[PDB]
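Shown below, as structure tokens, is a lone chain in the form deposited in one PDB entry; questions about how it binds or moves come after it.
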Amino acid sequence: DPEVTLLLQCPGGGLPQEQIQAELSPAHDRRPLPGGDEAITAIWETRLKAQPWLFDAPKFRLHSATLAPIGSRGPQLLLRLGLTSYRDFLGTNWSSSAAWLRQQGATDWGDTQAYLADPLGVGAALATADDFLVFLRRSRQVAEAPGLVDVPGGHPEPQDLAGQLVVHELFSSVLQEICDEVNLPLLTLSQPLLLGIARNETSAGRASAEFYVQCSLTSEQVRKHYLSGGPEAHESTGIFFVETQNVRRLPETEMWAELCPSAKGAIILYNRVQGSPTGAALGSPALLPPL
């Protein structure tokens, strides 16, 4: 799977909000482009003159994520974050010259990402009460990954002492994206656990935080809620469910070639962090069949 790389695998089956610190600093921002940020302004002007209803929005930038020594007390993860925008993304990661910017960043800064917007995404492995994961079909008319399978998620917009409010907005945003797109009541959802961070090598290395969320509704009840919104209540064109039993071998199925990179990252992290048992009971051959 060359189109996805794991930047972080969380310990303990995944980290709760109270175990994560953020450092939000202009030191974590994108570097100005070698020939100046005028190249970004030119791309944006061209795009607005074709689609004048488009609007910019601020985004969090991922710089890096450092895990504490395993089994330690105190905070277990430090997220180093900067600020970026939808405009900066379109002028860098989604530029035809994104690979040239990666080579230039390695040369100038020893950092393939130094000249890239790298907005932070969020995604969920969302499990039902009857042990299925939730999948969504992307419209064939959108610019990114048209017609591919996705999981719930989005790119959160900004509004340890500004730190804790930023971690709160990251965890909040994955629940809000489930309520907005799947049409589920907030009180049916567990507090999220962070599973890890995956990079999309087809989008010049932009990263998504991948979370596990449990719903108290069955697959049948989730479907009813999604469909009862009607076609204008969701960006996706359909919903479907795979038993958690069968998610274990999803990379060996024909579904795998239809999954967008960030959904592949969610499923790899679910399998490594929530699946893959370590104890004698769940690891016994009848409960963990070989092959």
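Residue positions are given as counts along the sequence shown, with the first one as 1.
Although it is not shown, the form deposited with a small molecule bound is what the next lines describe.
*Asks:* Although the partner isn't part of this model, could you tell me whether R249 comes within 4.5 Å of the small molecule in the bound PDB entry, counting any heavy atom of the residue?
*Replies:* Within the cut-off, so yes.
*Asks:* Using a 4.5 Å heavy atom cut-off, state whether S173 contacts the small molecule in the bound PDB entry.
*Replies:* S173: contacts the small molecule in the bound PDB entry.
*Asks:* Consider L6 of the chain shown here, and say whether it contacts the small molecule in the bound PDB entry, taking contact as heavy atoms within 4.5 Å.
*Replies:* No, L6 is distant from the partner.
*Asks:* Just to confirm, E235 within 4.5 Å of the small molecule in the bound PDB entry by heavy atoms?
*Replies:* Yes.
*Asks:* Could you tell me which stretch in 107 to 115, 213 to 221, 187 to 195, 150 to 158 has residues with non-hydrogen atoms within 4.5 Å of the small molecule in the bound PDB entry?
*Replies:* Result of the contact check: 150 to 158.
*Asks:* By the heavy atom within 4.5 Å rule, which residue out of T253, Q245, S228, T46 makes contact with the small molecule in the bound PDB entry?
*Replies:* So the residue touching the small molecule in the bound PDB entry, by this definition, is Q245.
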